[PDB]
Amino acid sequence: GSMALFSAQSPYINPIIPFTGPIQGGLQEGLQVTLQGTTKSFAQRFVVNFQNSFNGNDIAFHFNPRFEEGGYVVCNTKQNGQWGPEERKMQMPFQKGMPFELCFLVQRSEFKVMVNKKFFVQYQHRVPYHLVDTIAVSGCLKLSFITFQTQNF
């Protein structure tokens, strides 16, 4: 790509869904988390959660495509079990049955989310990203890799 990237931790390969796993050392500015997978042919919804610990009470960033009402994506944060105000992008960048690349870039003030190489949505951090130590993926997809890379030398 347009930036030199270096491995952080090692990839999750054909991780079975639902998948929960560590983000080693926590999210860090300049980190890129890329999921490569396929939206299932009769997909209704799927979920990527960047969370603090395993119980899902505290999800810094919930990313939830919904193949409903024309197709839209919900982004939100859960704190002490409580969902905050949703940010809905009224567009569906995934296609049922089709492969996708979904990349999450951690910046100082926001996540930037690309789908198939194109900017899709920004999400302002509501809670500290460094406290996210877990990724959880569930729903109507399959995945061939999750990789973790950084631009930081």
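The numbering used is simple: start at 1 and walk along the sequence shown.
In this entry, the higher average B-factor at the C-alpha atoms falls on 6 to 14, of the pair 6 to 14 and 139 to 147. For the pair 85 to 93 and 33 to 41, the mean B factor over Cα atoms is greater in 33 to 41. The residue among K112, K117, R126, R108 whose C-alpha atom has the highest B-factor in the PDB entry is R108. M98: CA B factor in the highest third of modelled residues in this chain (values from the PDB entry).
Residue-level temperature factors show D58 in the lowest third of its chain, judged at the C-alpha atom.
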